[PDB]
Structures are given as C-alpha cells and as structure tokens.
Amino acid sequence: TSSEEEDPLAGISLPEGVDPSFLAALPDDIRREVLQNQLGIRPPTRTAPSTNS
C-alpha cells in the first residue's frame, strides 16, 4: 500500500457505497475485486452491456 490515499471530497470517480478508505489503506487486489464484482462497472470503454456483474 501507499500513504497516497485518494479522498472522497477530491472529486474522485467512485460509485455510491464505495468509499476509498478501504481501497487505499488495503491493496489494489481487493480494491478492483470489490469494484468489478459488486457494481459491475468497468473503467475501460463499455462495448458490452452484459458485463461481469
């Protein structure tokens, strides 16, 4: 991990419910895990509505 934590008031692009404290304080592994699996949202370009969700 790093001390460089992303703050929610810093206008960072996260879905609702997803707070960056556990994302920045814990590794990037479970960070992408919780984003992709829970919300189904993809930061890369959406070309398929039937995504991993």
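What counts, and at which threshold
- Residues numbered from 1 in each chain as written, not as in the entry; some residues may be left out.
- Heavy atoms only, no water.
- Residues with missing side-chain atoms left out of burial classes, pairs and counts.
- Helix = DSSP H or I, 4+ residues; strand = E, 2+ residues; numbered from the N terminus.
- Contact = heavy atoms within 4.5 Å.
- Expected span 1.5 Å × (residues − 1).
- Patch = residues over 30% accessible without salt bridge, like charges linked within 9 Å, V, L, I, M, F, W, Y side chains within 5 Å.
- Areas by Shrake-Rupley, 256 points an atom, 1.4 Å probe, with all protein chains shown as cover.
- Salt bridge = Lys/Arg side-chain N within 4 Å of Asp/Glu carboxyl O.
- Buried < 20%, exposed > 50% of the residue type's maximum accessible area, 1.4 Å probe, protein only.
- Polar contact = N/O pair within 3.5 Å; in protein donor to acceptor, adjacent residues only side chain to side chain.

As deposited, the entry is annotated with solution NMR as its determination method.

Undergrad: Mind showing me how you'd approach the overall build of the chain here?
TA: Scanning the chain from N- to C-terminus turns up two helices and zero strands. Judged by the C-alpha coordinates and their principal axes, the chain covers about 35 × 20 × 20 Å. A separation of at least 24 residues holds for 14% of the contacts in the chain among residues at least 6 apart in sequence.

Undergrad: What exactly am I supposed to notice about the environment of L9 here?
TA: With respect to the helices and strands, the residue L9 is situated in the segment before α1 (20–25). Measuring from C-alpha to C-alpha, the distance between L9 and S21 comes to 12 Å, with 12 residues separating the pair along the chain.

Undergrad: Explain helix α2 (residues 28–39) to me, please; I cannot follow it from the model alone.
TA: A turn of α-helix holds 3.6 residues, and therefore any two residues three or four places apart point the same way. Relative to the 16 Å expected for 12 residues at 1.5 Å per residue, α2 spans 16 Å between its end C-alpha atoms, a close match to the ideal helical length. Looking one or two residues past α2, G40 carries a phi angle of roughly 80°, positive in sign.

Undergrad: I tried to follow a nonpolar patch on the surface on my own but got confused; where do I start?
TA: A surface patch of nonpolar side chains, amounting to about 240 Å² of accessible area, comprises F22, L26 and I30. Its place among the elements puts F22 in helix α1. Its relative accessible area of 37% is what places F22 among the partly exposed residues.

Undergrad: Mind showing me how you'd approach the environment of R42 here?
TA: By the element assignment, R42 lies in the segment after α2. C-alpha of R42 to C-alpha of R32: the two residues are 10 residues apart in sequence and 9.8 Å apart in space. Aside from chain neighbours lying at most four places away, what touches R42 is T51 and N52. Of the polar contacts made by the side chain of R42, one reaches the side chain of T51; its length is 2.9 Å.

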